[PDB]
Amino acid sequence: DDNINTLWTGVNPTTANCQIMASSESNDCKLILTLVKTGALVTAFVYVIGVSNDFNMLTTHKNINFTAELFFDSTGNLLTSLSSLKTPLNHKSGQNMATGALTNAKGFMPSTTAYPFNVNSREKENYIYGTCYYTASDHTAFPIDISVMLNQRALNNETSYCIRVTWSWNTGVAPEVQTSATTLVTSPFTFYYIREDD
């Protein structure tokens, strides 16, 4: 009440909390993720703020894709060692994460009834698509394709729920040139899914 209806990363973390590129090193961006319980659905709200030079310089290429993989255990806790996001989610505490135990965490998860694992005849049901935007140096909006796959494919036995968010573009010519590129920020993408029961 009402803070326990949100599970999130908090706002603008002081350091990179996410490793999106497998070639990184170490955390290479800030993943901002907010999940809000909305009746039978979750309202999910996600974007990235680039930190590493290699990540930011993706905007100099015409053909790119990168994926944040989020894996959760049987009670709705982020598995940080397996996931792109390396800091656990918690509830709302002002502009930050709370620090205690989670209330009803499993109820934030993508339902396995709506989004099954390993069922080929139903695999189309596991997908979400939309569009977000990169604000370019000339302040035009560069469209970025976003896809989300819910559950479908488990990494291993520990991972009871999965959210995989893939940003991509394939264009005639690129957001930015070497000297104009600054930070790869995506506009927030909001998507909805049927939630697992508490």
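So that there is no doubt, residue numbering starts at 1 and follows the sequence shown.
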*Segment of higher mean CA temperature factor, 83-91 or 107-115*: 83-91
*asked:* Please compare 136-144 with 31-39 and name the stretch with the higher mean C-alpha B-factor in the deposited structure.
replied: 136-144
*For the listed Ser187, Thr9, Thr190, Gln19, which has the peak Cα B-factor recorded in the PDB entry?*
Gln19
*With respect to the C-alpha temperature factors reported in the PDB entry, which of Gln152, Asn56, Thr166, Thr131 ranks highest?*
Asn56
*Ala44: which third of its chain by C-alpha temperature factor?*
lowest
*Would you please rank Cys162 by its C-alpha temperature factor against the other modelled residues of its chain and give the third it falls in: lowest, middle or highest?*
lowest
*Compared with the other modelled residues in the chain, in which third is the CA B-factor of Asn96?*
middle
